[PDB]
Every structure is written in structure tokens, then in C-alpha cells.
Ligand SMILES: Nc1ncnc2c1ncn2[C@@H]1O[C@H](COP(=O)(O)OP(=O)(O)O)[C@@H](O)[C@H]1O
Ligand SMILES: Nc1ncnc2c1ncn2[C@@H]1O[C@H](COP(=O)(O)OP(=O)(O)O)[C@@H](O)[C@H]1O
């Protein structure tokens with residue numbers, strides 16, 4: 001074996017770690033039996049020396065991930081693993097790293113690197129010979145994202161977050177290999193960050209392995225047989241015993257019950273029940289020579305220790321910390337003996353992070369509603385808020401425990417088992433906290449309804465679940481497993497408060513011959529979820545984002561929405577249309593007179609699909625007033641059918657066909673439908689429809705003959721001034737009812753600006769004009785400003801944003817703002833400014849004659865002097881807002897593009 | 001609505017049916033509430049008047065399928081449904097149909113058709129106006145398959161099975177519509193038969209509907225509240241109450257418990273537990289003023305009635321039937337009062353088929369091992385065999401019940417509740433019956449391991465399950481759901497008796513980024529199933545038939561097969577090969593020295609996939625002696641690697657590369673590999689490899705230089721006479737070691753027959769030659785016969801099948817058979833014969849000089865005189881077997897095509 005001092009140092013260090021850290025040391029042959037498959041998988045998956053992947057050790061908490069990583073490193077350091085694949089392996093743990101504030105990868109590695117050896121840069125000469133093991137990533141004080149930039153230099157000092165994110169995204173030592181340990185929650189959290197992923201699942205014990213674990217814990221035989229028989233007779237307990245840590249919990253609980261002499265009782269209704277039984281019986285069997293008052297004081301001090309640790313993302317407790325939280329030497333000895341704490345060096349740690357979270361939740365059970373703030377540990381409202389708001393999701397398990405503790409049954413269990421009283425105001429605290437969150441603005445909060453639903457589900461309190469869920473009106477949820485379907489059905493079964501529902505569902509209804517695959521249980525759960533749609537008589541918006549149905553599930557949803565009791569108003573079905581989908585959605589459209597807005601943005605339709613859609617719309621039970629079909633792959637032939645709808649449904653008044661390819665023959669057919677002075681359509685959006693000036697002829701005949709059409713969007717079309725001139729000739733006559741015109745990015749120039757200037761003088765009805773993103777090069781600007789100076793131009797909103805404007809237009813713009821009394825909004829973003837033009841513009845802006853309410857300008861993108869001038873403008877005209885990105889979101893929403 | 005007398009007749013019929021059949025008549029508004037979605041879905045899905053679809057009413061037993069179909073027919077006949085879509089709907093029920101033995105569709109329809117109405121041909125004039133409702137298909141005396149042909153004429157008399165299967169496959173009135181009622185078992189049974197399926201699932205009650213049903217059954221309020229509270233406190237009972245029939249069972253059980261006055265106790269461990277509680281409590285509450293002897297005799301008589309009904313597929317009981325089984329008027333009144341039976345006209349029927357199956361299973365509890373045969377009711381051995389043999393699978397639920405009854409706990413429960421003794425030899429009867437079944441030939445007695453596993457699973461007896469499953473050595477199983485995975489894991493956890501395992505697995509491991517999708521539970525179950533492969537030190541053959549894995553499940557399987565304790569010998573992986581499949585399957589190949597046969601037939605490979613396969617095969621831990629790569633999309637370039645294998649692996653001696661496209665350059669490279677007098681390959685099959693005479697040159701150099709190669713298959717290649725003559729030139733020299741040559745379907749003719757005729761005279765080692773399916777005429781046959789008459793021709797097997805042979809060859813054939821003393825097998829199928837040549841052939845065949853053991857000929861395809869002559873031949877030469885399809889299955893198996 002090659003001489004290596006670092007390898008031997010790690011051998012000694014992890015040999016010592018392997019023998020005293022775990023809850024119970026089992027014979028090594030047993031451990032090797034229990035994890036044989038995973039060890040072999042790892043050893044062969046890394047022998048690759050095209051690229052090397054990052055392998056994630058996947059499993060639930062307490063399954064033994066950290067133990068497996070330590071065994072792997074110990075076997076490598078002894079020379080028994082990766083002998084000819086990795087020369088150096090580094091073991092990084094999250095809690096030890098959290099202490100590091102500002103360090104480079106080299107310094108962190110140097111921490112455990114003996115000087116009497118090779119240098120670190122020399123070992124970095126060959127990066128593929130390095131493996132990084134990252135254990136306890138979920139215990140980090142920061143999140144991992146691509147938000148922060150990622151440097152590629154190991155020598156250069158950086159914050160530890162940047163080092164980890166660079167290592168993970170492979171922008172730092174790309175040749176090295178990564179070994180991650182993640183739970184299901186961590187897997188879902190960091191799936192986006194990880195690429196080229198390879199997974200190894202830990203499986204825990206089998207039934208024979210559970211028997212052997214019991215035989216190893218109980219050094220006798222007959223009581224071991226008794227305990228195994230008792231746990232086997234109960235199904236849920238045996239199922240939970242697959243996890244070695246839960247198995248050890250059950251062992252210690254039963255061992256206390258047996259050494260006490262009591263009969264074998266155990267609670268396995270929930271995981272929280274097993275935790276409560278373990279903690280209860282260890283406390284009773286480990287504290288008997290102590291009076292009740294000091295028992296309560298000691299437990300409360302320990303729980304405060306855990307709560308402070310969890311709120312500061314700390315899991316190692318120096319003696320000074322125990323003294324601060326009121327934990328004395330006697331208390332430390334007692335908890336070490338009863339095996340809720342163990343040493344992790346010179347410091348102490350909880351036997352497992354889950355036990356620490358248990359005590360942290362327990363801490364709130366000693367509290368009063370009118371308690372002074374701890375200034376470190378947040379109160380119940382803060383904990384609930386941080387746990388059900390998606391940004392952090394750090395104190396999740398704690399909150400879950402607290403939810404379960406707040407039930408009357410479990411508060412009773414806790415009080416009876418401990419012997420002292422505990423707070424019963426905690427359910428009310430949680431309820432009021434969730435109500436307060438619900439009454440907040442849904443956009444500013446970003447609720448995580450998966451987290452809230454999990455917490456509610458664990459209480460098994462249907463009335464509590466109904467009360468809490470009915471506080472919320474705008475709900476969004478992802479369903480991709482049966483577990484999440486069960487939880488969502490439980491939480492929404494008795495929900496009658498829905499306003500907006502956003503749903504994404506995958507992996508549940510495959511429709512691979514849905515007859516054989518779908519089950520009555522799945523349909524019943526789905527029907528229960530749908531019951532909220534028809535039971536909530538406040539239901540405005542249903543947004544189905546990339547959902548995957550089969551015929552029965554879709555039929556259930558459509559029949560739910562068809563019921564006359566349903567009050568749906570907006571149906572937003574993104575990217576979904578087939579033959580049976582057509583049939584069922586047409587049942588939806590027909591049956592409901594309350595449904596008025598329909599947005600199919602993105603769903604690629606065919607000729608027959610559009611034919612069937614229009615045939616369903618022509619039914620006289622259809623009250624659709626807004627129809628958005630953007631990016632539906634609609635073409636000219638389908639226009640033949642759409643025109644038909646315009647003839648029949650006098651209730652329809654807004655139609656958007658953006659991002660399609662009408663190609664002037666569809667526009668011809670649509671103008672043929674529109675010309676008839678029976679079509680009641682009031683708003684038309686044909687943005688980016690790949691048509692030209694040829695259609696502007698026919699559209700002109702529309703403008704003369706429609707007394708209902710008031711809004712036209714023709715942006716992103718090649719009009720080349722002939723189309724704009726034809727339309728302007730049509731719009732010269734005041735009898736036209738057009739109010740709003742959008743011709744942005746239409747590839748015209750100054751030449752047609754004269755004709756526009758004519759309509760501005762003759763129209764008494766055109767109030768909003770967007771001519772932005774066109775190269776008017778100050779000639780069009782000068783002509784339009786002179787037109788606006790006319791004492792008959794009733795124009796209210798003008799957009800010339802990003803029009804190749806220069807400081808020469810300023811003066812002429814400055815004179816329009818002070819003369820057009822009806823002009824209240826002007827978009828001039830991306831104009832290039834100097835001092836001599838910014839001064840004139842600001843003089844205009846601060847004037848009483850200037851009747852402008854909204855100015856579109858990008859203040860940040862200028863020098864300091866002009867920034868100071870615009871700030872002075874803001875402080876001298878208290879009615880004017882200067883801002884950029886004025887109309888982007890409004891344009892997207894009205895076109896139907898965003899949603 | 002059009003006037004119709006048939007409609008009114010069906011209205012009266014189903015109106016009478018609707019009011020007396022059900023267990024409890026609920027208000028009609030309640031029923032319509034409980035089935036609103038399904039009714040609307042049917043009504044709107046059929047209004048479409050393109051092909052006609054088959055609509056299936058899907059749900060578990062007792063969910064209300066028959067009730068829903070009857071209400072649908074009543075509403076149709078009342079004019080409230082399908083008023084403008086169907087003119088005539090026929091309601092076919094299995095039990096009523098079973099009485100018909102041999103009748104046509106017209107007569108069966110006329111059965112319930114009044115004469116004073118329209119004619120049958122006139123109503124068949126427009127088939128589009130016809131709907132068929134098929135209820136109780138699982139209660140048929142015959143099975144439904146596609147084996148029998150399907151005629152399109154309704155007038156022609158046929159057996160009812162043929163009419164029904166033609167109706168289902170739409171080869172009889174294809175324009176008609178179908179409405180089927182099926183269970184999960186029936187759905188999986190008949191999925192193959194049905195096409196264009198449409199499904200409507202019945203959902204049963206919701207929670208509020210369960211409350212309302214309780215309030216409706218219990219006409220008071222306080223016990224309704226008490227019953228609902230008790231059922232709600234128990235999870236399993238509430239879950240089971242979703243089914244209306246199970247809900248009525250629970251209602252009656254609780255009603256007996258309350259009117260008796262006892263506390264509310266109920267066992268809900270299994271569905272069989274609920275049935276036992278219902279039956280026990282109904283019997284106790286309905287026969288208490290009766291002495292024990294007559295209680296037991298009455299229950300036994302009812303059980304006998306049920307048993308005769310189940311074994312004769314009868315479910316309506318005329319009074320003579322009750323008298324024959326010993327059921328009197330007093331007994332009928334008692335059972336009607338306790339609501340185990342109800343009237344269905346002048347006759348009685350069991351309240352539900354499930355109750356009848358329950359009683360039929362109960363009947364065996366009154367029997368003795370040494371009992372005389374009932375001559376109608378089969379004994380326990382016959383019942384178990386018919387239940388776990390796939391051919392019948394009719395009495396499944398009965399057997400399931402009997403299994404649960406046979407446990408000690410449930411026998412104790414039944415004895416305690418009833419009060420009289422019951423048989424305790426039934427576990428032994430079933431175990432011995434299954435042992436005897438296992439010792440039968442696995443090819444004949446078609447076990448249905450899904451049925452056996454379900455029966456074993458329901459007993460919840462791990463020891464009994466292990467004992468029964470270890471009786472079987474050859475197991476084949478399909479896993480397509482999580483339920484079936486759980487069942488197979490439970491049954492195979494402690495199985496260590498495996499010899500051959502055939503597996504087809506779908507729909508469980510999607511590999512849609514298996515990290516997020518796969519769960520530890522599923523992986524654990526799969527590992528438990530795989531544990532049988534490595535725990536059974538007799539494991540010969542593992543056949544994965546079109547299985548679909550992800551990385552973790554495949555890795556679990558491969559690591560299982562890698563263990564040195566594993567004794568795998570034959571690995572048949574049909575239709576699976578990718579890059580990750582490559583890595584893991586190479587772990588399988590490398591690790592195991594016991595593995596010797598490898599068949600990848602059907603798995604589409606690529607250039608690099610074949611490269612990686614060959615590189616894995618070149619490892620020196622590889623003991624493969626047989627390699628089958630038929631229909632693997634292998635081409636000439638991959639031969640370069642394949643040739644390498646032939647050079648390296650001195651253990652390999654059989655290679656089959658059939659159904660590939662080698663195209664003479666691959667064959668060139670392979671012959672370059674074979675020429676080397678180190679290649680130990682002994683048998684090569686290049687059938688259907690798309691090569692020509694150009695390869696026969698190189699193959700010739702093979703036969704001179706390979707002292708180990710003894711079998712060559714070159715069938716179905718365009719070899720013409722030049723290739724065969726080149727090969728014969730190579731094989732003339734006695735130094736060639738070739739023992740078997742297959743040149744069937746090789747497009748040669750009489751011209752090369754001279755050279756073959758030379759080799760037959762000069763070879764001392766060529767024992768089997770197949771020249772079938774080649775257009776050698778009687779001239780070639782005569783030349784070969786003259787060769788065989790030479791006193792040096794040591795040819796043992798000759799195939800001249802399908803060679804355009806005529807009665808002129810007979811004489812020359814007849815004289816070769818009596819001269820070639822070494823010629824023991826000759827295939828002459830498809831030869832045309834007359835009397836004067838058949839006589840010569842038979843005179844040869846019945847002769848002492850004829851040393852033939854096997855003659856390949858199709859006796860059935862000749863006139864009566866020649867048939868009688870060949871029958872006399874068989875009756876005069878007791879050593880000669882005449883048969884057709886002589887070598888087809890052997891050819892397929894040896895090429896690796898079949899399996
Ligand atoms: N295979 C095993 N055999 C015996 N004990 C185990 C095994 N796996 C885990 N344990 C015990 O369970 C605990 C698992 O905790 P840990 O190893 O931190 O897993 P995780 O990080 O997944 O929670 C350890 O304290 C160890 O004592
Ligand atoms: N929707 C329902 N509402 C109330 N009771 C029902 C309903 N469906 C079925 N039942 C009851 O359940 C029992 C079983 O009915 P059945 O239609 O025979 O089930 P299946 O057709 O599945 O065998 C009947 O006695 C009936 O009274």
C-alpha cells in the first residue's frame with residue numbers, strides 16, 4: 001500500500017469516530033450484512049477512471065446515512081476501498097462547516113491536513129484522484145442555489161456558501177467526485193441544483209435483520225423473544241422498525257418497560273407516538289430519585305437548549321451553552337446516562353437531530369401566551385410562519401411535532417406521562433397564527449401549501465383541518481405521488497372557501513389504457529379534491545398548469561365543474577387538448593352559465609380540435625365573454641370556424657389569438673365575420689400573427705362597420721406604413737369607435753407619422769396609442785408632438801419607449817408635456833440623455849402646465865448628476881411617478897401570455 | 001317519443017325488478033345522488049350519433065354495478081334516457097343465459113321479446129340503434145376467448161359462447177354498442193379480448209353519504225349516531241363502508257349488536273373478518289330459540305345448497321332444489337327473516353353471490369377426510385385444484401374464504417361463535433392438495449400463481465405461506481401494480497426452493513428520473529422478491545420477459561445475482577438493453593462463474609452496446625458456454641468484436657447470431673476468427689443472416705481448419721447452387737469434423753445435388769443433414785437416394801421436407817430406406833402421394849430391412865385409402881413413429897428464438 005500520512009490520520013480519526021458516536025455499536029458482520037448491497041453498488045459505481053457523476057445517498061431520517069458515509073471513509077482509509085480510484089478523500093460535515101465564516105477550500109481542507117506531508121496544491125495537481133463526501137447538508141445555515149455567482153479558484157478566499165455551490169455545480173474542481181447524503185425533503189429541495197445525478201437508496205433492516213437487531217440489543221434471549229413478538233403482533237410498529245433508529249427507539253422503550261416490570265404497551269399510531277413513548281419511558285426510568293419540581297425545571301432547560309440550537313442552526317453545545325440555558329453538571333450526567341445526549345468531541349450533541357427537534361417543539365409546551373420574547377427563540381407565530389412559508393422551510397419537523405402536541409389527546413398523554421401540567425393554549429396559538437397568515441396578501445407571503453397540508457395531516461383532527469384550510473382562499477398545489485394525493489384529499493375534503501386554485505398534477509393518471517391502471521381509491525381521492533371546486537361558492541379562477549389526466553379523472557373534474565352549483569368564472573387550462581379532453585371540456589363549457597373567461601394558452605390544437613372547440617362555443621348555453629387562444633398553433637383554416645363563433649355568440653366581447661399564424665387569409669375570414677354589424681366583439685388581440693399590410697385593408701373595412709369594436713392590438717406585425725396609412729384613413733372619420741391602438745414593434749417609421757397625426761386631429765375617441773419599439777428617429781417624434789399641440793387632440797396615454805430618441809427631442813417633448821392637457825401618461829424608456837436635455841425635460845416635469853401622472857424612464861441607468869436631477873424632480877412634483885417597465889406585465893396579462 | 005311495446009314491457013319488467021331485489025330500498029333521490037357522475041358520464045358519452053366503442057362499468061363486488069345497470073335500463077324504458085340515441089337495448093344476465101345450451105342470438109333475444117311487435121330482421125336493419133347490456137359475465141359456465149372463430153351471421157345456430165365472444169370482438173353486428181359490467185378480476189381476465197375500451201368507475205358512498213345511509217337504515221336517531229360514532233372511531237371500518245353492500249353488512253351487524261344490548265364490538269382486520277362478524281351475529285340474532293342439533297343441521301343444509309349452486313353455476317333455487325338439499329319452509333322463512341336469502345320470483349336466491357361463496361366455503365367445515373364423494377360437490381382437493389389452476393379459476397373467492405377458515409384463530413372464532421364443533425383437518429387437506437399439485441408436471445397442470453399467492457396472502461400466516469410456496473420449484477408471475485408487488489414479496493420472502501423463475505414486470509418502476517419517483521418501500525419489496533434468487537441453491541433459469549426497470553431496481557437484481565451463493569445457470573433477458581442496462585448486466589456476467597447460458601433474443605442493441613457486451617464477455621471470470629443474440633440488431637462491424645470473443649473465451653462453444661444482418665463482411669470477419677486453430681467454438685447458427693455465396697467461400701476454409709466445430713446452421717440464406725457446391729467441395733475431405741449441417745430454405749436446387757451426393761458417400765462424420773424447403777425436384781431426390789444406397793453412407797438424419805417431391809421419388813425413396821442401415825430419421829412432410837407410390841413406400845416401411853425410427857409426414861392431409869395404409873404401417877411396425885411438425889420446436893429452441 002502506497003505511503004500516505006493523511007490516509008493514516010483519517011484512518012485513526014474515523015476508527016475512533018466509528019466506535020463511540022452511534023447509539024449502539026453492533027458487530028461489524030451484522031452491519032456489513034445490513035448494507036452489503038449499497039456498499040457494493042458504491043464501490044463498483046465509482047470505478048470509472050466519460051465523466052464522473054455525483055452520487056446521492058438517498059433515504060429517510062434515521063435510516064443510517066451518516067453511519068454509512070463514516071464506514072465508507074473508514075474502509076477507504078484502511079485501504080479496503082477505492083485503493084486505485086481515489087488517492088485523497090475529504091469528509092465535510094455541515095455543522096462543522098457552519099462555524100467557518102470566511103475561508104477557502106484550501107484552508108478548510110488544511111484544517112484536518114498534517115503539515116508533515118505533501119502540500120495541498122500538489123495533491124490538487126491531479127483533481128480526479130479526489131473524492132469529496134458531504135454529510136449533513138440539510139444542517140447548513142444557508143441554502144444552496146445558483147443565485148450567487150460561482151468562482152473557480154480554490155486558493156481565493158470566498159464565503160463557504162459560494163465554495164459549496166461551485167463544488168456542487170462543478171464549476172470548481174470539475175474532475176472531482178461528489179458523494180452526497182440527502183433525505184427525500186432535501187432531494188426535492190436540491191433536485192434543481194444537482195446534475196448527472198446517480199442514486200443509491202438505503203434500505204434499512206429486513207425482517208430477519210430486525211430479529212437480529214433485537215437479539216443484539218437484548219443480551220439475553222427470552223425477553224428479546226417477548227419484545228420481538230410484541231412488536232410483530234402490531235403491523236405499524238413492525239413497519240416502522242425497518243428504520244434502524246426507530247428500531248432503537250422501540251428497543252429502548254421496551255427495555256425500560258421490561259426493567260421497570262410493567263406490561264408491554266406501545267403507541268404506534270404516528271411516528272410522534274413512538275417518539276413520545278420513547279421519551280416518556282426513558283424519562284420515567286431515568287429520573288426516579290428526583291422531585292417533580294426539579295424534574296420539570298431540568299426538562300424545561302434542556303428543551304430551551306434545543307430550541308435555541310434550532311433557531312440558531314446549532315447542534316453542538318459547549319459547556320458554556322449548557323450553563324447559559326441552565327443545564328448543570330448533574331443534569332448533563334443524567335441526560336448522558338439516559339442516552340438523550342452524547343459527546344461529539346469536547347462538546348455535547350443530541351443523540352439525533354430528530355430528538356433535538358422533539359425537545360425544541362416540547363419547549364413551547366412550557367410557555368404562556370403572555371410570555372416575554374426570548375430574543376433568540378421565536379414564539380409560536382414565528383415558528384409556524386417560518387415553517388409554512390416556502391422560502392426557509394428549515395424548522396419543518398419541529399412544527400410538525402408541535403402540531404401533533406397541540407391535540408387534546410396528545411397533550412393529555414404528555415401531561416399524564418410527565419406528571420406536571422403543560423400548556424393548552426397552543427392549538428389556539430397555531431390557529432390564530434395561521435389565520436393571520438391567511439389574511440395577509442397572498443403575493444407577499446408565498447405560502448407552502450405542501451408544508452401546511454403535511455402539518456395538518458399529522459394531527460388526525462378533521463375539524464381542525466377543516467377550520468385551518470377554510471382560512472385560505474388562494475391555494476396552489478403540486479401532486480406527483482399517491483402520498484401527496486392522499487394528503488391533499490384529506491386537507492381539501494371539507495374545504496368551502498376557495499377563490500383561486502392552481503394545480504399541477506403528474507405521475508398519477510398515466511392513461512396507459514387507463515382502465516387497467518386507474519383505481520377506485522385514486523378516483524375517490526381525486527373526487528374529494530374536486531369537491532372543493534363545487535362546494536365553494538366563491539370560486540373565481542381554476543388554473544390547471546401542465547396537468548396530466550386520463551378519461552375517468554378528467555371526466556370527474558369536468559362533471560364537478562358542470563354542476564349548476566359551481567360558480568367558476570375563469571378557466572385557465574395551459575397545454576392540454578386531445579379528443580376526450582375536447583369532449584369533456586366541452587361539457588364544462590356547455591353546462592355552466594357562470595363560466596365567462598376561457599384561456600387555453602399554449603395547448604397545441606389541430607384543425608379538428610379547433611373545429612370541435614368552435615362547435616362547442618356556438619351552443620347558446622355558453623356565456624364566454626373572454627377567449628384567449630394564444631400560442632395554440634392556430635392557422636388560417638381554423639379561422640373559418642372561429643369566424644362562425646363571432647356570428648353567433650353576441651355575449652362574447654374579447655378575443656385574443658396572439659402567437660398564432662393567421663397569415664392574412666385567416667385575418668380575411670375574421671374581417672368577413674366582423675364586418676357584419678351584428679358581431680358584438682369589443683376587443684381583438686392579433687399580436688405576432690405573421691400578417692402584413694394586405695390585411696390592414698380588410699381591417700379598415702372592419703373599423704367603419706363595427707360599432708362595438710373598441711380595442712385593437714396589432715403589435716409585432718410588418719405593416720411598413722401602408723397598413724398604418726390605410727387604417728389611419730379609416731380612423732379619420734369620428735364615427736369609428738376605436739379607443740385603444742397598439743402598433744408597437746410594427747417595423748414602420750416616420751413616413752406614416754403624418755397620417756397618424758391626421759387622426760389625432762380628427763378623432764374624438766382615440767385615447768391610448770402605443771407606438772413604441774419603432775425607429776422614429778426624432779422626425780416622427782417632432783410631428784407627433786406638433787399634432788398633440790393641436791387644441792382638439794384628446795389623447796390620454798402615449799408610448800414612444802425605446803424609439804432611438806436623442807437629447808434633441810427633449811425640448812420638443814418638453815413642449816408637448818406642457819401643452820397637451822389631456823396627456824397623463826408618457827413612456828420614454830431607453831432615451832439617451834445629457835445635461836442640456838435632462839435639464840429641459842425636468843423643467844417641463846416640475847411645471848403646473850404639465851398634467852402628467854406617469855412617466856416611463858429608467859432612472860438607475862444614468863450618471864450621478866442626472867440621478868440627482870430626477871430625484872429632485874420626484875421631490876418637487878408630488879403627483880408624478882417616474883418608473884420603468886411600465887406596461888410589460890399589463891401587456892402580458894391582457895394578451896393572455898403570462899397565465 | 002316513438003311508440004314502442006317492447007319499451008313498455010321492459011319498463012314493467014325492470015320496474016318490478018327495482019323494488020324487491022336490493023338489501024334495503026333507499027329513497028330514489030339518495031340513489032341518484034350517489035351515482036350522479038356515472039349516470040351523467042354514460043348519458044353524455046353515448047350521445048354521439050365513426051366506430052362504436054365498448055363501455056365498461058368498472059368496480060369491486062358489492063359496489064352496485066347491477067343496481068346501476070338496472071336503473072339505467074328503467075330510465076331508458078321510461079323515456080328519460082337515450083330518448084334519441086337507442087331504439088332497442090337488450091339486458092343479458094349470465095345466470096339466466098347459462099340455462100341456454102345451444103341457441104342462436106335471435107332466439108335468446110326473442111326469449112324476452114313479445115311476438116306482437118316488430119320483426120327481428122327489421123330491427124336489425126339499422127344496427128346503429130342497438131345497445132347490449134351484459135350483466136354478470138363472471139357467472140358464466142364457459143370462458144370467453146378469441147380461440148373460437150367469430151361468424152357474422154345471427155341466423156345461423158351456434159353455441160352461446162361463440163355468439164357472445166363474436167359480439168364482444170365486434171365480428172357480429174359490428175355497429176352495435178356494448179355496455180359491460182366487470183370486476184377487477186374480470187377486467188384483467190378479458191382485457192385481451194376487448195378493444196376500444198371506455199370505462200366508468202363506480203365510487204360508492206362518500207362520508208356524508210355514509211352518514212345518510214346509516215340514518216336511513218336505522219329509523220331512529222340516537223343509535224344512528226352511536227353506530228356512526230363507533231364506525232368512525234375505527235379506520236378500517238370507515239374505509240370498508242365506502243362499498244354500499246359492505247355498508248349494509250356493517251349496518252346489520254351493529255343493529256344485531258344493539259338490539260341484543262351488548263357493547264359495540266367489531267373485528268375489521270380483514271374483509272373476511274367483517275363477513276364472519278356479519279354472519280355470526282345474524283345467525284345468533286336469528287336462531288336462538290332453536291336447539292343446537294337442528295341449528296347445525298339447518299346451517300349445513302344451507303351451506304350444501306350454496307356448494308351445489310357454486311359447483312353447478314346455479315344461483316336461482318326452485319323449491320325442489322331446497323327440498324333435495326334439505327331446506328324446508330320453516331328454514332326458508334328463518335333465513336329470509338335473517339336476510340341471508342331473498343325472493344327472485346317464485347324461487348329463492350342468496351342475498352349476494354359473495355354470501356353464496358361464503359356459505360359454499362363454510363360447507364367444507366362440516367366434512368370429514370374419509371367421506372364418500374358427493375358426485376356433485378367436489379372435495380377440498382378438487383376445489384383447491386380448480387381454484388389455483390388457471391384454466392378454471394371459477395371458485396376463487398370460495399377457496400379464499402376456505403383458506404382464511406383453515407387458520408387456527410378463525411376456526412377457534414367460528415367454533416366459539418356457532419357453538420358446535422367444526423373440522424380442524426382442513427389446513428392439512430389444503431396443504432397436502434398443494435403438495436400433490438406441486439409434484440405434478442409443471443407444463444400440464446397450469447398453475448395460476450397469482451391466485452395461489454392471493455389465497456396464501458389472505459391467511460396472514462407467514463409459516464404456512466413459506467411451507468406452501470417452498471413446495472413449488474418452477475414459478476411464473478406478472479407484477480404490474482403495487483398490490484401485486486406486495487403480495488409477491490410476502491409470498492417469496494422465505495422462499496428457498498426456486499428452480500425456474502419467469503417474470504414480467506410493468507408499471508411499477510418508471511425510470512422517470514428514478515431518484516424522485518422510486519421509494520424505499522417499493523425497493524424493499526423488490527429486494528424481498530429478489531432474495532429468493534440468491535437464497536435458493538437450485539436456481540437454474542431466470543427469464544425476464546419484457547420487464548421495465550429503473551437503475552436502483554436493476555442494480556438490486558444484478559447485485560443479488562452477483563453473489564457467489566447464487567447458482568444461476570441460464571439467463572434469458574428478452575427485450576432489454578441500454579447503457580445502464582449494459583453496466584449492470586455486465587456486473588451479472590462478470591461476477592458469476594456458475595452462469596453458463598446467456599440469451600438476449602429480441603433486445604435491440606447498438607454498435608457500442610455490442611462493443612460493451614463483448615468487452616464484458618472478454619473478462620476471464622466469464623464461464624459462458626452458450627451465447628444467443630438472435631434478433632439483436634447486430635451487423636457486420638460488431639462482428640469485429642464478436643470475432644474477438646471467439647478468440648479469447650476458450651470456454652464458449654455455442655454461438656447463435658440468427659435474425660441479424662451480417663451481409664458477408666461480418667461473416668468474413670467471423671470466419672477469420674474461426675480459422676484460427678485456437679477458437680474452440682463447436683456450434684454456430686447463422687440462420688437468416690442476409691448473406692450469400694460470397695460467404696460460402698470463407699465458410700469452406702472454416703470446415704478444413706476447425707477441428708472443434710461440429711454444428712453449422714446456414715438456413716434461410718440465398719446460397720443458390722454455387723454456395724452449396726463450394727461447401728460440398730470443402731466437406732468432401734474426411735478430415736472435416738462437421739457433424740450437423742442445416743441448409744434449409746437456402747434457394748438451391750437439383751444442380752448441386754451431385755456434390756451433396758458426393759459428400760454423403762465420402763464423409764465419415766456427417767450424421768445430420770437438413771436440405772428441406774429447397775426446390776430440389778425428384779431428380780435431386782433420386783440422386784441423393786443413389787448416394788444413400790452406397791455402402792459407405794453413414795447418414796443418420798435426413799430432412800427432405802417441403803422439397804416439391806412427387807410420387808416418382810417413392811420407389812427410389814423406398815429402396816433407400818431399406819438399404820441405408822444407419823438411416824434412422826427422415827422428414828418427408830408436404831410430399832404429394834398417390835396409391836401406387838404410397839404402396840411402395842409402405843412396403844418399405846413395414847420391412848425388417850427398414851431401419852427407420854422416425855418418419856416426418858402429415859397423415860391427415862391425404863385421402864382415406866392412403867390414411868388407412870399409413871395406419872396399417874403404424875400397426876405393423878411398432879418401432880416407427882410417423883408424425884408432422886417434426887423439428888420446428890427443436891429448431892427454434894436450439895437457435896434461441898422461442899425462449
Ligand atoms: N445498519 C445499522 N445497524 C445498526 N445500527 C444502525 C444501522 N444504521 C443506523 N444505525 C443506528 O441508527 C442511527 C442512525 O443515525 P444516522 O447514522 O445519523 O442516520 P441518518 O443520518 O440517516 O439519520 C445511528 O446512531 C446508528 O447507531
Ligand atoms: N348507490 C347505492 N346506494 C345504496 N345502496 C346500494 C347502492 N348500490 C348498491 N347498493 C346496495 O348494495 C347491494 C349490492 O348491490 P349490487 O348492485 O348487487 O352490487 P354489485 O352489482 O357490485 O354486485 C344491493 O343490495 C344494494 O342494496
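All positions are counted from 1 along the displayed chain.
Structure determined by X-ray crystallography, 2.8 Å.
Backbone N, Cα and C atoms are what each Cβ position is placed from, and that goes for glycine too.
Annotated features, as they stand in Swiss-Prot:
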type    : residues                                       : note
DOMAIN  : A:53-372                                       : domain 'NACHT'
BINDING : A:59, A:60, A:61, A:62, A:63, A:64, A:65, A:66 : ATP binding site
REPEAT  : A:651-672                                      : repeat 'LRR 1'
REPEAT  : A:680-701                                      : repeat 'LRR 2'
REPEAT  : A:708-728                                      : repeat 'LRR 3'
REPEAT  : A:737-758                                      : repeat 'LRR 4'
REPEAT  : A:765-786                                      : repeat 'LRR 5'
REPEAT  : A:794-817                                      : repeat 'LRR 6'
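Long-range contacts of the repeat 'LRR 1' (A:651-672) within its own chain (CB-CB distance under 8 A, at least 6 residues past either end) are made by residues 617, 622-640, 642-643, 645, 680-692, 694-695, 698-699, 701-702, 708, 711, 713, 894-897.
For residue A:59 (ATP binding site), other Cβ atoms within 10 Å of its Cβ number 23. Around the Cβ of residue A:66 (ATP binding site), the number of neighbouring Cβ atoms within 10 Å comes to 18. Measuring straight across the break, from residue A:49 to residue A:50 at the CA atoms, gives 9 Å, with 4 residues left unbuilt in between. Residue counts of the repeat 'LRR 3' (A:708-728) by helix, strand and coil are 7 helix, 4 strand, 10 coil (DSSP-based).
For the ATP site, the Cβ centre of A:59, A:60, A:61, A:62, A:63, A:64, A:65, A:66 serves as reference, and the other residues of the chain with Cβ at most 8 Å from it are A:183, A:202, A:243, A:245. In the repeat 'LRR 5' (A:765-786), helix, strand and coil residues by DSSP number 8 helix, 3 strand, 11 coil. In this entry, A:59, A:60 stand out among the binding-site residues A:59, A:60, A:64, A:65 as having a C-beta under 8 A from a C-beta of chain B. Classification of residue A:65 (ATP binding site) by DSSP places it within a helix.
Under 8 Å from some Cβ of the repeat 'LRR 5' (A:765-786) lie the Cβ atoms of residues 715, 731, 734, 736-750, 753-754, 756-757, 759, 794-806, 808-809, 812-813, 815-816, 827, 887, all in the same chain and six or more residues away from its ends.
Each of the binding-site residues A:60, A:62, A:64 was scored by other CB atoms within 10 A of its CB, and the lowest score goes to A:60. For the repeat 'LRR 1' (A:651-672), the number of residues in each DSSP class (helix H, G, I; strand E, B; coil) is 8 helix, 3 strand, 11 coil. Listed in sequence order, A:57, A:59, A:135, A:181, A:183, A:202 are the same-chain residues six or more apart from residue A:65 (ATP binding site) with CB atoms under 8 A from its CB.
Taking a C-beta cut-off of under 8 Å and a sequence gap of six or more, residue A:61 (ATP binding site) has these contacts in its own chain: A:183, A:245, A:353, A:354, A:397.
Taking all protein chains in view, 24 other C-beta atoms sit within 10 angstroms of the C-beta of residue A:63 (ATP binding site).
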